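Undergrad: Pasting coords.cif below, which is mmCIF, N, CA and C atoms.
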```cif
data_final
loop_
_atom_site.group_PDB
_atom_site.id
_atom_site.type_symbol
_atom_site.label_atom_id
_atom_site.label_comp_id
_atom_site.auth_asym_id
_atom_site.auth_seq_id
_atom_site.Cartn_x
_atom_site.Cartn_y
_atom_site.Cartn_z
ATOM 1 N N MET A 1 111.482 102.722 131.982
ATOM 2 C CA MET A 1 110.496 102.466 130.938
ATOM 3 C C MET A 1 111.170 101.973 129.663
ATOM 4 N N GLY A 2 110.542 101.004 129.003
ATOM 5 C CA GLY A 2 111.097 100.460 127.777
ATOM 6 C C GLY A 2 110.078 99.672 126.978
ATOM 7 N N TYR A 3 109.923 100.026 125.708
ATOM 8 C CA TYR A 3 108.971 99.348 124.836
ATOM 9 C C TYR A 3 109.344 97.880 124.657
ATOM 10 N N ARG A 4 108.393 97.089 124.175
ATOM 11 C CA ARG A 4 108.620 95.665 123.957
ATOM 12 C C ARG A 4 109.301 95.423 122.612
ATOM 13 N N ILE A 5 110.079 94.349 122.534
ATOM 14 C CA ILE A 5 110.784 94.005 121.307
ATOM 15 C C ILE A 5 110.271 92.692 120.726
ATOM 16 N N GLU A 6 109.465 92.790 119.674
ATOM 17 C CA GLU A 6 108.907 91.609 119.026
ATOM 18 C C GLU A 6 109.395 91.499 117.584
ATOM 19 N N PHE A 7 109.334 90.290 117.037
ATOM 20 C CA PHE A 7 109.770 90.047 115.666
ATOM 21 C C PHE A 7 108.786 89.139 114.934
ATOM 22 N N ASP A 8 108.286 89.615 113.799
ATOM 23 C CA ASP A 8 107.336 88.847 113.002
ATOM 24 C C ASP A 8 107.943 87.518 112.564
ATOM 25 N N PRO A 9 107.077 86.575 112.163
ATOM 26 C CA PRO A 9 107.505 85.248 111.713
ATOM 27 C C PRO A 9 108.228 85.295 110.371
ATOM 28 N N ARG A 10 108.167 86.447 109.712
ATOM 29 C CA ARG A 10 108.815 86.623 108.418
ATOM 30 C C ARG A 10 110.191 87.263 108.581
ATOM 31 N N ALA A 11 110.257 88.311 109.397
ATOM 32 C CA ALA A 11 111.511 89.012 109.640
ATOM 33 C C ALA A 11 112.520 88.106 110.339
ATOM 34 N N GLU A 12 112.063 87.408 111.374
ATOM 35 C CA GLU A 12 112.928 86.507 112.127
ATOM 36 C C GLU A 12 113.871 85.753 111.195
ATOM 37 N N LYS A 13 113.330 85.262 110.086
ATOM 38 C CA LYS A 13 114.121 84.521 109.110
ATOM 39 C C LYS A 13 114.946 85.469 108.246
ATOM 40 N N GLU A 14 114.311 86.539 107.777
ATOM 41 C CA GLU A 14 114.989 87.522 106.940
ATOM 42 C C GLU A 14 116.203 88.104 107.657
ATOM 43 N N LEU A 15 116.168 88.078 108.984
ATOM 44 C CA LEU A 15 117.264 88.603 109.790
ATOM 45 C C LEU A 15 118.294 87.516 110.082
ATOM 46 N N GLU A 16 117.819 86.373 110.565
ATOM 47 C CA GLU A 16 118.700 85.255 110.884
ATOM 48 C C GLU A 16 119.562 84.881 109.683
ATOM 49 N N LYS A 17 119.017 85.078 108.487
ATOM 50 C CA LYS A 17 119.735 84.764 107.257
ATOM 51 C C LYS A 17 120.967 85.649 107.104
ATOM 52 N N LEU A 18 120.917 86.833 107.705
ATOM 53 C CA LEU A 18 122.031 87.773 107.637
ATOM 54 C C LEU A 18 123.229 87.256 108.427
ATOM 55 N N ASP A 19 124.361 87.935 108.287
ATOM 56 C CA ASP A 19 125.578 87.546 108.990
ATOM 57 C C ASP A 19 125.321 87.410 110.488
ATOM 58 N N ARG A 20 126.245 86.758 111.185
ATOM 59 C CA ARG A 20 126.117 86.558 112.623
ATOM 60 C C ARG A 20 126.322 87.869 113.377
ATOM 61 N N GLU A 21 127.434 88.540 113.092
ATOM 62 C CA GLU A 21 127.750 89.807 113.743
ATOM 63 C C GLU A 21 126.696 90.861 113.420
ATOM 64 N N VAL A 22 126.224 90.857 112.178
ATOM 65 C CA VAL A 22 125.213 91.812 111.739
ATOM 66 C C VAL A 22 123.900 91.602 112.484
ATOM 67 N N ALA A 23 123.509 90.342 112.638
ATOM 68 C CA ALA A 23 122.273 90.005 113.334
ATOM 69 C C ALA A 23 122.322 90.454 114.790
ATOM 70 N N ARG A 24 123.402 90.097 115.478
ATOM 71 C CA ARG A 24 123.570 90.461 116.879
ATOM 72 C C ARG A 24 123.584 91.978 117.049
ATOM 73 N N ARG A 25 124.158 92.673 116.072
ATOM 74 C CA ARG A 25 124.238 94.128 116.115
ATOM 75 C C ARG A 25 122.845 94.750 116.077
ATOM 76 N N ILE A 26 121.986 94.213 115.218
ATOM 77 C CA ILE A 26 120.624 94.715 115.085
ATOM 78 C C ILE A 26 119.819 94.460 116.356
ATOM 79 N N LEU A 27 119.702 93.190 116.730
ATOM 80 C CA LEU A 27 118.960 92.812 117.928
ATOM 81 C C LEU A 27 119.395 93.648 119.126
ATOM 82 N N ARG A 28 120.706 93.773 119.309
ATOM 83 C CA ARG A 28 121.251 94.547 120.418
ATOM 84 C C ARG A 28 120.916 96.027 120.263
ATOM 85 N N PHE A 29 121.137 96.557 119.064
ATOM 86 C CA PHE A 29 120.860 97.962 118.786
ATOM 87 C C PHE A 29 119.445 98.333 119.221
ATOM 88 N N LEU A 30 118.533 97.371 119.131
ATOM 89 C CA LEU A 30 117.144 97.596 119.513
ATOM 90 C C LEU A 30 116.938 97.330 121.001
ATOM 91 N N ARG A 31 117.686 96.369 121.533
ATOM 92 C CA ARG A 31 117.586 96.018 122.944
ATOM 93 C C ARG A 31 118.503 96.898 123.790
ATOM 94 N N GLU A 32 119.327 97.699 123.122
ATOM 95 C CA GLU A 32 120.254 98.588 123.812
ATOM 96 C C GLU A 32 119.853 100.048 123.620
ATOM 97 N N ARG A 33 119.887 100.506 122.372
ATOM 98 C CA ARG A 33 119.530 101.883 122.052
ATOM 99 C C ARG A 33 118.038 102.119 122.262
ATOM 100 N N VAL A 34 117.225 101.563 121.368
ATOM 101 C CA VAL A 34 115.777 101.713 121.454
ATOM 102 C C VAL A 34 115.267 101.337 122.841
ATOM 103 N N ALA A 35 115.775 100.229 123.371
ATOM 104 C CA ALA A 35 115.373 99.760 124.691
ATOM 105 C C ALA A 35 115.456 100.881 125.721
ATOM 106 N N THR A 36 116.572 101.603 125.714
ATOM 107 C CA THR A 36 116.777 102.703 126.648
ATOM 108 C C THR A 36 116.050 103.960 126.185
ATOM 109 N N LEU A 37 115.950 104.131 124.872
ATOM 110 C CA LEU A 37 115.278 105.292 124.300
ATOM 111 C C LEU A 37 113.869 105.439 124.866
ATOM 112 N N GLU A 38 113.663 106.485 125.662
ATOM 113 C CA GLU A 38 112.360 106.739 126.265
ATOM 114 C C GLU A 38 111.238 106.499 125.260
ATOM 115 N N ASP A 39 111.551 106.676 123.981
ATOM 116 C CA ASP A 39 110.570 106.479 122.919
ATOM 117 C C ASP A 39 111.201 105.782 121.719
ATOM 118 N N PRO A 40 110.430 104.892 121.077
ATOM 119 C CA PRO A 40 110.893 104.141 119.906
ATOM 120 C C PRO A 40 111.060 105.028 118.677
ATOM 121 N N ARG A 41 110.337 106.144 118.656
ATOM 122 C CA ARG A 41 110.406 107.077 117.538
ATOM 123 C C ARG A 41 111.529 108.089 117.742
ATOM 124 N N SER A 42 112.731 107.587 118.005
ATOM 125 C CA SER A 42 113.888 108.447 118.225
ATOM 126 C C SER A 42 114.980 108.163 117.197
ATOM 127 N N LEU A 43 115.311 106.886 117.032
ATOM 128 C CA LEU A 43 116.339 106.480 116.082
ATOM 129 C C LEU A 43 115.714 105.862 114.834
ATOM 130 N N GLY A 44 114.491 106.281 114.522
ATOM 131 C CA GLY A 44 113.805 105.760 113.355
ATOM 132 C C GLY A 44 112.998 106.823 112.633
ATOM 133 N N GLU A 45 112.539 106.500 111.429
ATOM 134 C CA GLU A 45 111.753 107.436 110.635
ATOM 135 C C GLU A 45 110.540 106.744 110.020
ATOM 136 N N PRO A 46 109.424 107.482 109.924
ATOM 137 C CA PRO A 46 108.177 106.961 109.357
ATOM 138 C C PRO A 46 108.274 106.736 107.852
ATOM 139 N N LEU A 47 107.792 105.583 107.399
ATOM 140 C CA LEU A 47 107.824 105.245 105.981
ATOM 141 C C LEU A 47 107.090 106.296 105.154
ATOM 142 N N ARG A 48 107.203 106.188 103.834
ATOM 143 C CA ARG A 48 106.550 107.128 102.932
ATOM 144 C C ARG A 48 105.836 106.391 101.803
ATOM 145 N N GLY A 49 104.541 106.658 101.653
ATOM 146 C CA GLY A 49 103.766 106.012 100.611
ATOM 147 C C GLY A 49 102.273 106.118 100.848
ATOM 148 N N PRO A 50 101.500 106.208 99.756
ATOM 149 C CA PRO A 50 100.040 106.318 99.825
ATOM 150 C C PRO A 50 99.384 105.027 100.302
ATOM 151 N N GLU A 51 100.075 103.908 100.103
ATOM 152 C CA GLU A 51 99.557 102.608 100.513
ATOM 153 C C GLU A 51 99.920 102.312 101.966
ATOM 154 N N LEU A 52 101.183 102.538 102.312
ATOM 155 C CA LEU A 52 101.658 102.296 103.670
ATOM 156 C C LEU A 52 102.037 103.604 104.356
ATOM 157 N N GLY A 53 101.750 103.693 105.651
ATOM 158 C CA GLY A 53 102.070 104.892 106.402
ATOM 159 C C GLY A 53 102.453 104.594 107.838
ATOM 160 N N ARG A 54 101.504 104.067 108.605
ATOM 161 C CA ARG A 54 101.749 103.737 110.004
ATOM 162 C C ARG A 54 102.852 102.691 110.132
ATOM 163 N N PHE A 55 104.097 103.130 109.981
ATOM 164 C CA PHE A 55 105.241 102.232 110.077
ATOM 165 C C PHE A 55 106.511 103.004 110.427
ATOM 166 N N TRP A 56 107.312 102.439 111.322
ATOM 167 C CA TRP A 56 108.555 103.074 111.744
ATOM 168 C C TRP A 56 109.763 102.259 111.291
ATOM 169 N N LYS A 57 110.739 102.937 110.697
ATOM 170 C CA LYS A 57 111.948 102.277 110.219
ATOM 171 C C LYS A 57 113.169 102.741 111.008
ATOM 172 N N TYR A 58 114.072 101.811 111.291
ATOM 173 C CA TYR A 58 115.283 102.124 112.040
ATOM 174 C C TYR A 58 116.513 102.053 111.140
ATOM 175 N N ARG A 59 117.532 102.835 111.480
ATOM 176 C CA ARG A 59 118.767 102.863 110.703
ATOM 177 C C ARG A 59 119.890 102.145 111.445
ATOM 178 N N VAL A 60 120.487 101.153 110.789
ATOM 179 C CA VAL A 60 121.575 100.388 111.386
ATOM 180 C C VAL A 60 122.775 100.318 110.448
ATOM 181 N N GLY A 61 123.606 101.355 110.479
ATOM 182 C CA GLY A 61 124.781 101.390 109.628
ATOM 183 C C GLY A 61 124.433 101.276 108.156
ATOM 184 N N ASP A 62 124.379 100.046 107.657
ATOM 185 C CA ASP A 62 124.055 99.804 106.255
ATOM 186 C C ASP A 62 122.903 98.812 106.126
ATOM 187 N N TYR A 63 122.019 98.809 107.118
ATOM 188 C CA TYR A 63 120.874 97.907 107.117
ATOM 189 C C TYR A 63 119.601 98.642 107.530
ATOM 190 N N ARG A 64 118.537 98.446 106.758
ATOM 191 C CA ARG A 64 117.260 99.089 107.042
ATOM 192 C C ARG A 64 116.297 98.115 107.715
ATOM 193 N N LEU A 65 115.784 98.507 108.875
ATOM 194 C CA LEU A 65 114.852 97.668 109.621
ATOM 195 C C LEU A 65 113.466 98.304 109.670
ATOM 196 N N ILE A 66 112.488 97.623 109.082
ATOM 197 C CA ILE A 66 111.118 98.120 109.062
ATOM 198 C C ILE A 66 110.294 97.506 110.187
ATOM 199 N N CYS A 67 110.077 98.280 111.244
ATOM 200 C CA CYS A 67 109.303 97.813 112.389
ATOM 201 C C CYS A 67 108.014 98.613 112.536
ATOM 202 N N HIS A 68 107.113 98.125 113.383
ATOM 203 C CA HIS A 68 105.839 98.795 113.614
ATOM 204 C C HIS A 68 105.674 99.156 115.088
ATOM 205 N N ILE A 69 105.473 100.443 115.358
ATOM 206 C CA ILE A 69 105.301 100.917 116.724
ATOM 207 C C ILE A 69 103.833 100.885 117.137
ATOM 208 N N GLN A 70 103.562 100.286 118.293
ATOM 209 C CA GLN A 70 102.199 100.189 118.801
ATOM 210 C C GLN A 70 102.053 100.947 120.116
ATOM 211 N N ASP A 71 101.591 102.190 120.030
ATOM 212 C CA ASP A 71 101.404 103.020 121.213
ATOM 213 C C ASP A 71 100.464 102.346 122.208
ATOM 214 N N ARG A 72 99.437 101.682 121.687
ATOM 215 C CA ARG A 72 98.464 100.996 122.529
ATOM 216 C C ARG A 72 99.161 100.226 123.647
ATOM 217 N N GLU A 73 100.142 99.410 123.274
ATOM 218 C CA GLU A 73 100.886 98.616 124.246
ATOM 219 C C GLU A 73 102.386 98.868 124.120
ATOM 220 N N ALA A 74 102.742 100.055 123.640
ATOM 221 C CA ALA A 74 104.144 100.421 123.473
ATOM 222 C C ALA A 74 104.984 99.210 123.083
ATOM 223 N N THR A 75 104.569 98.524 122.022
ATOM 224 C CA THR A 75 105.283 97.346 121.547
ATOM 225 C C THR A 75 105.839 97.568 120.146
ATOM 226 N N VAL A 76 107.106 97.214 119.954
ATOM 227 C CA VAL A 76 107.757 97.373 118.659
ATOM 228 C C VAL A 76 107.979 96.023 117.986
ATOM 229 N N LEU A 77 107.153 95.723 116.989
ATOM 230 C CA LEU A 77 107.259 94.462 116.262
ATOM 231 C C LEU A 77 107.884 94.677 114.887
ATOM 232 N N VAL A 78 108.990 93.984 114.630
ATOM 233 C CA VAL A 78 109.682 94.097 113.353
ATOM 234 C C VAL A 78 108.898 93.411 112.240
ATOM 235 N N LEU A 79 108.721 94.116 111.127
ATOM 236 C CA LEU A 79 107.989 93.575 109.987
ATOM 237 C C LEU A 79 108.945 92.977 108.960
ATOM 238 N N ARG A 80 109.892 93.787 108.499
ATOM 239 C CA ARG A 80 110.870 93.337 107.515
ATOM 240 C C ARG A 80 112.267 93.837 107.869
ATOM 241 N N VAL A 81 113.279 93.056 107.504
ATOM 242 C CA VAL A 81 114.663 93.419 107.783
ATOM 243 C C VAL A 81 115.569 93.080 106.604
ATOM 244 N N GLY A 82 116.145 94.110 105.992
ATOM 245 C CA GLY A 82 117.026 93.900 104.858
ATOM 246 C C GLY A 82 117.955 95.074 104.619
ATOM 247 N N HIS A 83 119.083 94.812 103.968
ATOM 248 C CA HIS A 83 120.059 95.856 103.679
ATOM 249 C C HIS A 83 119.418 96.997 102.894
ATOM 250 N N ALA A 84 119.998 98.187 103.008
ATOM 251 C CA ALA A 84 119.484 99.357 102.308
ATOM 252 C C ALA A 84 119.072 99.008 100.882
ATOM 253 N N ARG A 85 119.901 98.217 100.208
ATOM 254 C CA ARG A 85 119.622 97.810 98.836
ATOM 255 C C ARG A 85 118.342 96.983 98.763
ATOM 256 N N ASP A 86 118.206 96.031 99.679
ATOM 257 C CA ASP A 86 117.029 95.171 99.719
ATOM 258 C C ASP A 86 115.754 96.001 99.832
ATOM 259 N N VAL A 87 115.698 96.858 100.847
ATOM 260 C CA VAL A 87 114.536 97.709 101.068
ATOM 261 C C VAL A 87 114.348 98.690 99.916
ATOM 262 N N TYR A 88 113.122 99.177 99.754
ATOM 263 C CA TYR A 88 112.808 100.122 98.690
ATOM 264 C C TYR A 88 113.169 101.546 99.102
ATOM 265 N N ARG A 89 113.851 101.672 100.235
ATOM 266 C CA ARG A 89 114.257 102.978 100.742
ATOM 267 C C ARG A 89 115.700 102.945 101.236
#
```
Let me see the file written as structure tokens.
TA:
Amino acid sequence: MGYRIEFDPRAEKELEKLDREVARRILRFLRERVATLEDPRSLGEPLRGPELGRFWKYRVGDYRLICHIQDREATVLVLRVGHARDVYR
């Protein structure tokens, strides 16, 4: 069993803009760790805020990845991708 790995039209660029090794590390980390992880909510944490809630974030060394978990179709679509500094968390 393994959830789907999707990337929004905005993140795709926000990620590709990052270093080569860094990009491959993220994509793989999700296609390797999360991919095998019986559940996507294992190596990630739910965002915090009165405006936003239903959102899962993953930790990648020094990079924060904001993805959205969809139980309906067990699909993980990345919303935003930026270094810890970039993200508001």
Undergrad: Go ahead and compute the interatomic distance for atom N of residue 61 (chain A) and atom C of residue 32 (chain A), in Å to one decimal.
TA: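 Between atom N of residue 61 (chain A) and atom C of residue 32 (chain A) the gap works out to 13.7 Å.
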Undergrad: Expand the PyMOL selection byres (((chain A and resi 63 and name CA) around 9) and name CA) into the explicit residue set it covers here, and present it as JSON, numbers by chain.
TA: {"A": [22, 26, 58, 59, 60, 61, 62, 64, 65, 81, 82, 83, 84, 85, 86, 87]}
Undergrad: What would the selection look like, as an NGL selection string, if the PyMOL selection byres ((chain A and resi 8) around 7) were run on the coordinates I just shared?
TA: :A and (6-7 or 9-13 or 77-80)
Undergrad: Please run DSSP on the backbone and report, as a tab-separated table (two decimals) with N, CA and C atoms, in the coordinates of the input, all residues within region 6-49 of chain A that come out as helix (DSSP H, G or I).
TA:
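Final file, states.tsv:
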```tsv
chain	number	residue	atom	x	y	z
A	11	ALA	N	110.26	88.31	109.40
A	11	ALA	CA	111.51	89.01	109.64
A	11	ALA	C	112.52	88.11	110.34
A	12	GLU	N	112.06	87.41	111.37
A	12	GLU	CA	112.93	86.51	112.13
A	12	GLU	C	113.87	85.75	111.20
A	13	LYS	N	113.33	85.26	110.09
A	13	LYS	CA	114.12	84.52	109.11
A	13	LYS	C	114.95	85.47	108.25
A	14	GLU	N	114.31	86.54	107.78
A	14	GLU	CA	114.99	87.52	106.94
A	14	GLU	C	116.20	88.10	107.66
A	15	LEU	N	116.17	88.08	108.98
A	15	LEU	CA	117.26	88.60	109.79
A	15	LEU	C	118.29	87.52	110.08
A	16	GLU	N	117.82	86.37	110.56
A	16	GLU	CA	118.70	85.26	110.88
A	16	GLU	C	119.56	84.88	109.68
A	20	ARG	N	126.24	86.76	111.18
A	20	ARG	CA	126.12	86.56	112.62
A	20	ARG	C	126.32	87.87	113.38
A	21	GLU	N	127.43	88.54	113.09
A	21	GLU	CA	127.75	89.81	113.74
A	21	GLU	C	126.70	90.86	113.42
A	22	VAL	N	126.22	90.86	112.18
A	22	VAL	CA	125.21	91.81	111.74
A	22	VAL	C	123.90	91.60	112.48
A	23	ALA	N	123.51	90.34	112.64
A	23	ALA	CA	122.27	90.00	113.33
A	23	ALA	C	122.32	90.45	114.79
A	24	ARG	N	123.40	90.10	115.48
A	24	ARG	CA	123.57	90.46	116.88
A	24	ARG	C	123.58	91.98	117.05
A	25	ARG	N	124.16	92.67	116.07
A	25	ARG	CA	124.24	94.13	116.12
A	25	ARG	C	122.84	94.75	116.08
A	26	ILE	N	121.99	94.21	115.22
A	26	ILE	CA	120.62	94.72	115.08
A	26	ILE	C	119.82	94.46	116.36
A	27	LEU	N	119.70	93.19	116.73
A	27	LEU	CA	118.96	92.81	117.93
A	27	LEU	C	119.40	93.65	119.13
A	28	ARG	N	120.71	93.77	119.31
A	28	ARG	CA	121.25	94.55	120.42
A	28	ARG	C	120.92	96.03	120.26
A	29	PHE	N	121.14	96.56	119.06
A	29	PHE	CA	120.86	97.96	118.79
A	29	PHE	C	119.44	98.33	119.22
A	30	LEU	N	118.53	97.37	119.13
A	30	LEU	CA	117.14	97.60	119.51
A	30	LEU	C	116.94	97.33	121.00
A	31	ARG	N	117.69	96.37	121.53
A	31	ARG	CA	117.59	96.02	122.94
A	31	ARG	C	118.50	96.90	123.79
A	32	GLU	N	119.33	97.70	123.12
A	32	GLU	CA	120.25	98.59	123.81
A	32	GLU	C	119.85	100.05	123.62
A	33	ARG	N	119.89	100.51	122.37
A	33	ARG	CA	119.53	101.88	122.05
A	33	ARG	C	118.04	102.12	122.26
A	34	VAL	N	117.22	101.56	121.37
A	34	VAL	CA	115.78	101.71	121.45
A	34	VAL	C	115.27	101.34	122.84
A	35	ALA	N	115.78	100.23	123.37
A	35	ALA	CA	115.37	99.76	124.69
A	35	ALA	C	115.46	100.88	125.72
A	36	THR	N	116.57	101.60	125.71
A	36	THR	CA	116.78	102.70	126.65
A	36	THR	C	116.05	103.96	126.18
```
Undergrad: Give the answer as one residue: which of A:31, A:89, A:4, A:54 has the shortest atom-to-atom distance to residue 67 (chain A), using all atoms listed in the file?
TA: A:54
Undergrad: Residues of region 14-37 of chain A within 12 Å of region 41-45 of chain A: nearest atom pair and distance (Å, one decimal) for each, counting only C-alpha atoms, sorted by chain and number, as CSV?
TA:
```
residue,atom,partner,partner_atom,distance
A:29,CA,A:43,CA,10.0
A:30,CA,A:43,CA,9.6
A:32,CA,A:43,CA,11.7
A:33,CA,A:43,CA,8.2
A:34,CA,A:43,CA,7.2
A:35,CA,A:42,CA,10.9
A:36,CA,A:42,CA,10.6
A:37,CA,A:42,CA,7.0
```
